[PDB]
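**Q** What follows is the file upload_14.txt, containing compact mmCIF, N, CA, C and O atoms:
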# COMPACT_ATOMS: atom_id res chain seq x y z
N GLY A 13 125.44 115.22 26.16
CA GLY A 13 125.16 116.67 26.04
C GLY A 13 125.22 117.32 27.42
O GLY A 13 125.05 116.57 28.38
N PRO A 14 125.47 118.64 27.53
CA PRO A 14 125.53 119.32 28.81
C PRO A 14 124.13 119.47 29.43
O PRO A 14 123.12 119.20 28.78
N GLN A 15 124.11 119.86 30.70
CA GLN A 15 122.94 120.03 31.56
C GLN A 15 122.38 121.48 31.54
O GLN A 15 122.92 122.34 30.86
N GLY A 16 121.25 121.73 32.23
CA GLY A 16 120.48 122.98 32.11
C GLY A 16 121.08 124.22 32.80
O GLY A 16 122.05 124.14 33.54
N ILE A 17 120.46 125.39 32.59
CA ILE A 17 120.99 126.65 33.15
C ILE A 17 120.78 126.68 34.67
O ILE A 17 119.78 126.16 35.15
N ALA A 18 121.70 127.26 35.43
CA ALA A 18 121.63 127.28 36.88
C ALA A 18 120.38 128.01 37.40
O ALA A 18 119.99 129.06 36.87
N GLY A 19 119.79 127.44 38.44
CA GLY A 19 118.61 127.92 39.16
C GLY A 19 118.67 129.36 39.64
O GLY A 19 119.73 130.00 39.77
N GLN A 20 117.49 129.88 39.93
CA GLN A 20 117.26 131.28 40.30
C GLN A 20 117.87 131.55 41.68
O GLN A 20 117.95 130.65 42.52
N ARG A 21 118.34 132.79 41.93
CA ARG A 21 118.94 133.13 43.21
C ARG A 21 117.92 132.97 44.34
O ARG A 21 116.81 133.49 44.25
N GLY A 22 118.33 132.27 45.40
CA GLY A 22 117.54 132.09 46.61
C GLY A 22 117.41 133.39 47.40
O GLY A 22 118.29 134.25 47.36
N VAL A 23 116.30 133.52 48.11
CA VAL A 23 115.98 134.70 48.93
C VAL A 23 116.98 134.88 50.08
O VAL A 23 117.48 133.90 50.64
N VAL A 24 117.29 136.13 50.43
CA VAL A 24 118.26 136.48 51.48
C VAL A 24 117.99 135.79 52.82
O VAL A 24 116.85 135.49 53.17
N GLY A 25 119.06 135.53 53.58
CA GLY A 25 118.96 135.10 54.97
C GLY A 25 118.54 136.24 55.89
O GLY A 25 118.65 137.42 55.55
N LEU A 26 118.00 135.89 57.06
CA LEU A 26 117.47 136.85 58.03
C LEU A 26 118.57 137.32 59.00
O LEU A 26 119.56 136.60 59.18
N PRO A 27 118.41 138.49 59.65
CA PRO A 27 119.13 138.84 60.86
C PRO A 27 118.48 138.13 62.06
O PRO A 27 117.66 137.23 61.88
N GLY A 28 118.83 138.57 63.28
CA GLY A 28 117.90 138.49 64.41
C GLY A 28 116.67 139.37 64.21
O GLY A 28 116.86 140.55 63.86
N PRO B 11 118.11 120.97 22.92
CA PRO B 11 118.55 121.75 24.10
C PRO B 11 119.36 120.88 25.08
O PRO B 11 119.28 119.64 24.99
N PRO B 12 120.10 121.50 26.02
CA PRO B 12 120.61 120.83 27.20
C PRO B 12 119.42 120.59 28.16
O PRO B 12 118.39 120.08 27.71
N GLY B 13 119.53 120.96 29.44
CA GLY B 13 118.36 121.08 30.31
C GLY B 13 117.66 122.44 30.13
O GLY B 13 118.22 123.33 29.50
N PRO B 14 116.44 122.61 30.68
CA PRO B 14 115.70 123.86 30.56
C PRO B 14 116.26 124.96 31.47
O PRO B 14 116.40 126.09 31.02
N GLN B 15 116.57 124.64 32.73
CA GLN B 15 116.60 125.51 33.89
C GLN B 15 116.68 124.57 35.11
O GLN B 15 116.02 123.54 35.14
N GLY B 16 117.52 124.91 36.08
CA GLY B 16 117.59 124.29 37.41
C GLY B 16 116.57 124.86 38.39
O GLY B 16 116.05 125.96 38.20
N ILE B 17 116.28 124.10 39.45
CA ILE B 17 115.30 124.48 40.49
C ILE B 17 115.72 125.77 41.20
O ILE B 17 116.91 125.98 41.45
N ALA B 18 114.75 126.62 41.57
CA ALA B 18 114.98 127.84 42.35
C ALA B 18 115.67 127.59 43.70
O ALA B 18 115.44 126.57 44.36
N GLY B 19 116.48 128.57 44.15
CA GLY B 19 117.23 128.49 45.39
C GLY B 19 116.35 128.75 46.60
O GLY B 19 115.38 129.51 46.53
N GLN B 20 116.68 128.13 47.73
CA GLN B 20 115.95 128.33 48.98
C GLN B 20 116.59 129.48 49.78
O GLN B 20 117.51 130.14 49.31
N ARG B 21 116.07 129.77 50.99
CA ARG B 21 116.54 130.93 51.76
C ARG B 21 117.99 130.80 52.24
O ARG B 21 118.56 129.71 52.34
N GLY B 22 118.54 131.94 52.65
CA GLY B 22 119.79 132.04 53.41
C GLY B 22 119.58 131.75 54.90
O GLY B 22 118.45 131.76 55.39
N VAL B 23 120.68 131.52 55.62
CA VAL B 23 120.67 131.26 57.08
C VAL B 23 120.17 132.50 57.84
O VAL B 23 120.39 133.64 57.43
N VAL B 24 119.45 132.26 58.94
CA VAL B 24 118.86 133.30 59.80
C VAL B 24 119.91 133.91 60.76
O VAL B 24 121.10 133.60 60.65
N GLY B 25 119.47 134.74 61.72
CA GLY B 25 120.30 135.31 62.79
C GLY B 25 120.89 134.29 63.76
O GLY B 25 120.70 133.08 63.61
N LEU B 26 121.66 134.80 64.73
CA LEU B 26 122.50 134.00 65.65
C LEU B 26 121.84 133.69 67.01
O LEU B 26 120.88 134.40 67.38
N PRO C 12 117.98 114.81 25.87
CA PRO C 12 118.51 116.19 25.95
C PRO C 12 119.71 116.28 26.91
O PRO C 12 120.35 115.26 27.15
N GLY C 13 119.99 117.45 27.48
CA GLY C 13 120.62 117.52 28.81
C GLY C 13 119.66 117.02 29.90
O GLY C 13 118.44 117.02 29.68
N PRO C 14 120.17 116.62 31.08
CA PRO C 14 119.40 116.59 32.31
C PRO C 14 119.17 118.03 32.79
O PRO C 14 119.65 118.97 32.16
N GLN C 15 118.43 118.22 33.89
CA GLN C 15 118.05 119.53 34.41
C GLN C 15 119.24 120.45 34.79
O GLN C 15 120.41 120.06 34.77
N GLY C 16 118.94 121.71 35.12
CA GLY C 16 119.96 122.65 35.57
C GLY C 16 120.44 122.40 37.00
O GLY C 16 119.74 121.80 37.81
N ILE C 17 121.63 122.92 37.33
CA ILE C 17 122.14 122.99 38.71
C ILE C 17 121.18 123.83 39.57
O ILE C 17 120.66 124.84 39.10
N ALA C 18 120.96 123.44 40.83
CA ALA C 18 120.07 124.14 41.75
C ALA C 18 120.50 125.59 42.05
O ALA C 18 121.68 125.95 42.05
N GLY C 19 119.50 126.42 42.35
CA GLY C 19 119.64 127.83 42.66
C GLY C 19 120.43 128.08 43.94
O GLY C 19 120.26 127.41 44.96
N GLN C 20 121.31 129.07 43.87
CA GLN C 20 122.23 129.39 44.94
C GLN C 20 121.51 130.25 45.98
O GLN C 20 120.95 131.29 45.63
N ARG C 21 121.53 129.80 47.24
CA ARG C 21 120.90 130.44 48.40
C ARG C 21 121.33 131.90 48.63
O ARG C 21 122.45 132.30 48.29
N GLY C 22 120.45 132.67 49.26
CA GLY C 22 120.65 134.10 49.54
C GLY C 22 121.52 134.36 50.76
O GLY C 22 121.92 133.44 51.48
N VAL C 23 121.85 135.64 50.98
CA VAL C 23 122.91 136.09 51.89
C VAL C 23 122.39 136.40 53.30
O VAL C 23 121.40 137.10 53.45
N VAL C 24 123.09 135.86 54.29
CA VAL C 24 122.77 135.87 55.73
C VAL C 24 122.68 137.27 56.35
O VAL C 24 123.24 138.22 55.82
N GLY C 25 122.00 137.37 57.50
CA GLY C 25 122.01 138.56 58.36
C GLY C 25 123.17 138.53 59.36
O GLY C 25 124.30 138.24 58.99
N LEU C 26 122.90 138.90 60.62
CA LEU C 26 123.91 139.31 61.60
C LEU C 26 123.30 139.45 63.01
O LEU C 26 122.08 139.58 63.12
N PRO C 27 124.16 139.43 64.06
CA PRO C 27 123.84 139.92 65.40
C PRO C 27 124.10 141.44 65.55
O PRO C 27 124.81 142.01 64.68
Please go through the file and, once you have read it, give me the structure as structure tokens.
**A**
Amino acid sequence: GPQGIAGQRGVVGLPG
Amino acid sequence: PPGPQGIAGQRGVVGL
Amino acid sequence: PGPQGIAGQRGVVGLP
């Protein structure tokens, strides 16, 4: 059988 | 069901 | 069942 739904979007990267 | 849900994403890369 | 979901996709980088 297939695998689970893809994980939640990760939080944005920082600037300087 | 397949899987429930994948693990949440971690942060993006920081500044330079 | 299925195994777990694919991991969450990381967020978007900053800048100089």
**Q** Quick one: pull the distance between CA of residue 17 (chain C) and CA of residue 22 (chain B), Å, one decimal.
**A**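 Between these atoms lies a distance of 17.4 Å.
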**Q** Quick one, how far is atom N of residue 21 (chain C) from atom N of residue 12 (chain B)?
**A**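 Separating atom N of residue 21 (chain C) from atom N of residue 12 (chain B) is a distance of 22.8 Å.
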**Q** Tell me which protein, DNA and RNA residues are within 9 Å of residue 14 (chain B), counting only C-alpha atoms, leaving out same-chain ones fewer than 5 positions away, and put them as a list in words.
**A** residues 15, 16 and 17 of chain A; 13, 14, 15 and 16 of chain C
**Q** Do a neighbour search on residue 12 (chain C) at 7 Å with only C-alpha atoms, toss out local chain neighbours closer than 6 positions, and write the hits as a PDB file with N, CA, C and O atoms, in the frame of the given file.
**A**
ATOM      1  N   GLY A  13     125.440 115.220  26.160  1.00  0.00           N
ATOM      2  CA  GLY A  13     125.160 116.670  26.040  1.00  0.00           C
ATOM      3  C   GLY A  13     125.220 117.320  27.420  1.00  0.00           C
ATOM      4  O   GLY A  13     125.050 116.570  28.380  1.00  0.00           O
TER       5      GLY A  13
ATOM      6  N   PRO B  11     118.110 120.970  22.920  1.00  0.00           N
ATOM      7  CA  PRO B  11     118.550 121.750  24.100  1.00  0.00           C
ATOM      8  C   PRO B  11     119.360 120.880  25.080  1.00  0.00           C
ATOM      9  O   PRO B  11     119.280 119.640  24.990  1.00  0.00           O
ATOM     10  N   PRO B  12     120.100 121.500  26.020  1.00  0.00           N
ATOM     11  CA  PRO B  12     120.610 120.830  27.200  1.00  0.00           C
ATOM     12  C   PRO B  12     119.420 120.590  28.160  1.00  0.00           C
ATOM     13  O   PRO B  12     118.390 120.080  27.710  1.00  0.00           O
ATOM     14  N   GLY B  13     119.530 120.960  29.440  1.00  0.00           N
ATOM     15  CA  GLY B  13     118.360 121.080  30.310  1.00  0.00           C
ATOM     16  C   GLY B  13     117.660 122.440  30.130  1.00  0.00           C
ATOM     17  O   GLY B  13     118.220 123.330  29.500  1.00  0.00           O
TER      18      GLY B  13
END
**Q** If we count all atoms listed in the file and set the cut-off at 5 Å, which residues sit around region 18-20 of chain A, ignoring sequence neighbours fewer than 5 positions away in its own chain? Please answer as an MDAnalysis selection string.
**A** (chainID B and resid 16:19) or (chainID C and resid 16:20)
**Q** Need to verify the contact set: residue 24 (chain B), 4.5 Å, only N, CA, C and O atoms, exclusion of same-chain residues closer than 2 positions in sequence. Can you return it as a ChimeraX atom specification?
**A** /A:26-27 /B:22,26
**Q** Work out how far apart CA of residue 20 (chain B) and atom N of residue 14 (chain A) are and give it in Å to one decimal.
**A**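 Answer for the CA of residue 20 (chain B) to atom N of residue 14 (chain A) separation: 25.4 Å.
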**Q** Identify, on the basis of only N, CA, C and O atoms, every residue whose closest approach to residue 22 (chain C) does not exceed 6 Å; exclude the query and any residue fewer than 3 positions from it along the same chain; express the result as a PyMOL selection string.
**A** (chain A and resi 21-25) or (chain B and resi 20-23)
**Q** Take the point (127.8, 135.4, 62.1) as written in the file and pick out every residue within 9 Å of it, counting only C-alpha atoms; give the list as a JSON list (two decimals) with N, CA, C and O atoms, in the coordinates of the input.
**A**
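As a result, result-v6.json now contains:
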[["chain", "number", "residue", "atom", "x", "y", "z"],
["B", 25, "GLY", "N", 119.47, 134.74, 61.72],
["B", 25, "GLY", "CA", 120.30, 135.31, 62.79],
["B", 25, "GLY", "C", 120.89, 134.29, 63.76],
["B", 25, "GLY", "O", 120.70, 133.08, 63.61],
["B", 26, "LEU", "N", 121.66, 134.80, 64.73],
["B", 26, "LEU", "CA", 122.50, 134.00, 65.65],
["B", 26, "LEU", "C", 121.84, 133.69, 67.01],
["B", 26, "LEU", "O", 120.88, 134.40, 67.38],
["C", 24, "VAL", "N", 123.09, 135.86, 54.29],
["C", 24, "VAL", "CA", 122.77, 135.87, 55.73],
["C", 24, "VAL", "C", 122.68, 137.27, 56.35],
["C", 24, "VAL", "O", 123.24, 138.22, 55.82],
["C", 25, "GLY", "N", 122.00, 137.37, 57.50],
["C", 25, "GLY", "CA", 122.01, 138.56, 58.36],
["C", 25, "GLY", "C", 123.17, 138.53, 59.36],
["C", 25, "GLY", "O", 124.30, 138.24, 58.99],
["C", 26, "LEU", "N", 122.90, 138.90, 60.62],
["C", 26, "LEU", "CA", 123.91, 139.31, 61.60],
["C", 26, "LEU", "C", 123.30, 139.45, 63.01],
["C", 26, "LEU", "O", 122.08, 139.58, 63.12],
["C", 27, "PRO", "N", 124.16, 139.43, 64.06],
["C", 27, "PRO", "CA", 123.84, 139.92, 65.40],
["C", 27, "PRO", "C", 124.10, 141.44, 65.55],
["C", 27, "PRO", "O", 124.81, 142.01, 64.68]]
